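The primary structure of each chain is shown beneath.
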Amino acid sequence: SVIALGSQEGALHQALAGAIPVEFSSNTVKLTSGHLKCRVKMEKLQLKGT
Amino acid sequence: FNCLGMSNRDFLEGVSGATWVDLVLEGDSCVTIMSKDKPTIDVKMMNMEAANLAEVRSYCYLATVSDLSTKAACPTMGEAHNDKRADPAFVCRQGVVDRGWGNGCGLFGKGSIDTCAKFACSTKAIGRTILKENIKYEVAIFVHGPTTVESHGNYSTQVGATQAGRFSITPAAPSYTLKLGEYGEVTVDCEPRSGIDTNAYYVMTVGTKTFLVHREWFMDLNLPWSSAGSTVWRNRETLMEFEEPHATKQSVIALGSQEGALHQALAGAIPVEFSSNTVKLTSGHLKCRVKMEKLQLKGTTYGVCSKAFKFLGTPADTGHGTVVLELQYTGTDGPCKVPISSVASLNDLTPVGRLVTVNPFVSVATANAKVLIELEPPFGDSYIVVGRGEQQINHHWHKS
Amino acid sequence: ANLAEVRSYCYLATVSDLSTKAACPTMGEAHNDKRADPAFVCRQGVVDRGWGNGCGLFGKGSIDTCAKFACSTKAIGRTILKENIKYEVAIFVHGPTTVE
Amino acid sequence: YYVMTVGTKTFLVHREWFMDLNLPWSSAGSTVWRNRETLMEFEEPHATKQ
């Protein structure tokens, strides 16, 4: 008897929360996962109607 | 229906001067019983069936997480009531969203939100119970009368030879007296009682692979469920919805179905074959009392076989401390007793190997008949021997 | 605005075809022809037997059966190299405005 | 005990010492398994020649 082992998606699902969810199209991964360190230089930012 | 060749075999000698024996039978097991001056027999439980189960719970793995709803409420306007809250048509849950002018509302701050998603079931990991009157047992009894490698396993031949039988036991009538022709009869009084494993375990059904799980592991699990109705409760497993959205759309992602949750707890619960309405217990046992003062020998008034006897091949190890082998009788004479014993050293006077196939004998008068024999030889080296003097043959053996 | 796969775990089907290369006691091991190509997955074992089932002597006989293997639902996974990554930053100025 | 044959000098060895030894092997076929004894290959080379 070569019983096909029952496929229990629980094994996967169970470890859901651990890994963060992300929208993915065939070739793309929109990072939300991701961050960006910036330096907002603005000595050129100026008031108006003063 | 007989013991030879099975790995779950147990040999028994009831008691001293006992015409009966108390025994225990289970699923795929067999038992060979010996008794002074009486045929050897094999009691064996064939099948365990309910000829009436009932469902108890039903956990689901699911689909329908398609329809959506988002009843919006502006800040200070109170809570939000979604019409999809009148019928279990959907599952609703409230939340709040930071908003104001930016998105159509007059003031700035937290606004109510009560969305809803739909719920129906797909694959129901159904489960049921096993009440300790529909339980019937099927016990098969064999008689170690004349046989051959061939006929030994043929139920037909054996029944025909009145050296076998298959009857059933029920709580209604827990006993039976199986008649075996001139061999008299054997009367078992099996007592349907069993634990065996107590009904305490639930009947887990998953797609195709049925299993036997612990009441609690089952009952106390986390998954949607429904007793005997189309109504489902705790469907909260329609989770991972609260992206903590906007009044426009609250993503209602269908929770990934991971059969691992189930599978992972495989080994724990014992597996069992289950047909729509039946559960063959292997889980189950049966305490019997094989009364057999009515079991009797046959062909005891015949003379000893006196003609050459040839082996038909190296005896084989049953894996039980006994060996099997098949003889051939050059003899032309009819039904005579087969002179076979186990001797510690050539030409010893007293035997040492007890025969399982007690009081063996050539069934027919048709020369060159075959005879099957199972015997337990002593440990270490020994000799199997058939016939005596210069007719006698022999074959050595060494048990460990 | 270029990923690449790395592994692929499966949940499966094809467990349909069977095989059972039998070997009598003392006749050694059993070699199933379905062992030449990954067409099937084979595994050996031993069975108590003898006259009862066609064999000459009594005892443990070799056994090497095989089942087939192909995949159904591949729980695929890939990598994310740290030049195709572009960011979109939006800057606002708190100049005159209305709720609108 | 097994029947050990080596070139010319035949011997009688213990089932296990024999069966449970480390060397390539083949039952009754031209097919060989555990040929891993084709060892000492991994000079941990270059794509050109290992």
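Residues numbered from 1 in each chain as written, not as in the entry; some residues may be left out. Chains lettered and ligands numbered in written order. Part of a larger assembly, values for the part shown. Heavy atoms only, no water.

Labelled according to the PDB entry, chain D appears under the name Envelope glycoprotein, originating from West Nile virus. The title given for this PDB entry is "West Nile virus in complex with Fab fragments of MAb CR4354 (fitted coordinates of envelope proteins and Fab fragments of one icosahedral ASU)".

Named according to the PDB entry, chain A is Envelope glycoprotein originating from West Nile virus.

## Here we look at the interface of chain A and chain C
The partner chain C presents 11 residues to the 13 residues of chain A that form the contact. Across the interface of chain A and chain C, roughly 1,100 Å² is buried in total on both sides, 70% from carbon and sulfur atoms. Three residues stand out in chain A for area buried against chain C, namely A:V2, A:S7 and A:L36, and they jointly supply 37% of the buried area on that side. The interface formed by chain A and chain C includes zero salt bridges. Linking chain A with chain C are one residue pair in polar contact, by the criterion used here. Among the residues forming the side of chain A that touches chain C, the class breakdown is eight nonpolar, four polar and one charged. (Contact = heavy atoms within 4.5 Å. Buried area = accessible area lost by both parts, 1.4 Å probe. Salt bridge = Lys/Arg side-chain N within 4 Å of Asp/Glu carboxyl O. Polar contact = N/O pair within 3.5 Å; in protein donor to acceptor, adjacent residues only side chain to side chain. Nonpolar A, V, L, I, M, F, W, Y, C, P; charged D, E, K, R; others polar.)

## Digging into the state of the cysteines
One pass over the full model with this rule turns up nine disulfides over all chains. Shown here is the disulfide that connects B:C74 with B:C105, its sulfur atoms set 2.0 Å apart. For the disulfide bridge between B:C74 and B:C105, the dihedral angle about the S-S bond is near 130 degrees, and by the sign convention the bridge is right-handed. With B:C74 in the loop between β6 (70-72) and β7 (90-99) and B:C105 in the loop between β7 and β8 (109-118), this residue pair connects regions lying 31 residues apart in the sequence. Using a relative accessible area of 18% as the deciding quantity, one classes B:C74 as buried. In this model C:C42 forms its disulfide with C:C66; the gap between the sulfur atoms is 2.0 Å. As the torsion about the S-S bond is roughly 100 degrees, the C:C42-C:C66 disulfide counts as right-handed. Placement of C:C42 in strand β3 (residues 40-49) and of C:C66 in strand β4 (residues 59-68) is noted, with a sequence separation of 24 residues between them. (Disulfide = S-S within 2.5 Å. Helix = DSSP H or I, 4+ residues; strand = E, 2+ residues; numbered from the N terminus. Buried < 20%, exposed > 50% of the residue type's maximum accessible area, 1.4 Å probe, protein only.)

## With respect to the arrangement of the chains
Among the four pairs of chains in contact, the pair with the most contacts is chains A and B. Between chain B and chain D there is no contact; the minimum C-alpha to C-alpha separation amounts to 13 Å.

## Observations concerning the interface of chain B and chain A
Contact with chain B, which involves 14 residues of that partner, is made by 14 residues of chain A. Carbon and sulfur atoms make up 78% of the area that chain B and chain A hide from each other, which totals about 990 Å². The tally of links between chain B and chain A comes to zero salt bridges. At the boundary of chain B with chain A, the tally comes to 14 residue pairs in polar contact. Here the residues of the side of chain B that touches chain A are counted per class, giving six nonpolar, six polar and two charged.

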